[PDB]
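A look at the structure
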Amino acid sequence: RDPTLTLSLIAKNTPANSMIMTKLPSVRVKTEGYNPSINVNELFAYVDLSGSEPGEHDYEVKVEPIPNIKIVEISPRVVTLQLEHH
């Protein structure tokens, strides 16, 4: 089926006492494989803010593991976000 998915972007490990000022864009993912029972809306792409300081930085977009599916393309691949200390 090699489904093309549209996933919402989620931020992981957002530093405590800090807030993301940027609205996270959606992500388009091309895949290879088959899977009839995997909730698309329950699937997410993510950016890992582990150890980030306030300001504007670029983060690599990644995809949460999906059974029987291999991610072959992710757009956008990188996202620019702004972080502000509380």
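Residues numbered from 1 in each chain as written, not as in the entry; some residues may be left out. Heavy atoms only, no water. Residues with missing side-chain atoms left out of burial classes, pairs and counts.

With that settled, consider the sheet that holds strand β6 (residues 62–63). Overall, mixed pairing links the five strands, which are arranged β6-β4-β1-β3-β7 in an open sheet. Lying at the two open borders of the sheet, with one neighbouring strand each, are β6 and β7 (69–75). Here five bridges tie strand β1 (residues 5–12) to strand β4 (residues 44–48), and the two strands are oriented parallel to one another. Residue pairing in the sheet places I10 in a bridge with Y46 of β4. (Pairing = 2+ DSSP bridges. Helix = DSSP H or I, 4+ residues; strand = E, 2+ residues; numbered from the N terminus.)

One pass over the structure, following the stated rule, counts two salt bridges. Here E64 and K12 are joined by a salt bridge, their closest N and O atoms 3.9 Å apart. With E64 in the loop between β6 and β7 and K12 in strand β1, this pair connects stretches of sequence that are 52 residues apart. When its relative accessible area of 23% is taken as the criterion, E64 is described as partly exposed. (Salt bridge = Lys/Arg side-chain N within 4 Å of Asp/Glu carboxyl O. Buried < 20%, exposed > 50% of the residue type's maximum accessible area, 1.4 Å probe, protein only.)

Mapped onto the elements, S52 comes out in the loop between β4 and β5 (55–60). At 2.8 Å, the side chain of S52 forms a polar contact with the side chain of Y59. Residues within four places of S52 in sequence aside, it is in contact with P15, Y59 and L83. (Polar contact = N/O pair within 3.5 Å; in protein donor to acceptor, adjacent residues only side chain to side chain. Contact = heavy atoms within 4.5 Å.)

Below, the discussion takes up the sheet that holds β5. Taking strand neighbours across the sheet as the criterion, the three strands line up as β2-β8-β5 in an open arrangement whose pairing is antiparallel. Both outer strands of the open sheet, β2 (18–20) and β5, are each paired with one neighbouring strand and no more. If you compare each strand with its neighbour and ignore which way they point, the axes differ by 35° on average. With six bridges joining them, β5 and strand β8 (residues 78–85) adopt antiparallel strand pairing. (Axes fitted to C-alpha atoms, helices over the stretch in contact; angles between N-to-C directions.)

Keep in mind that these numbers describe shape and distance, not what the molecule does.
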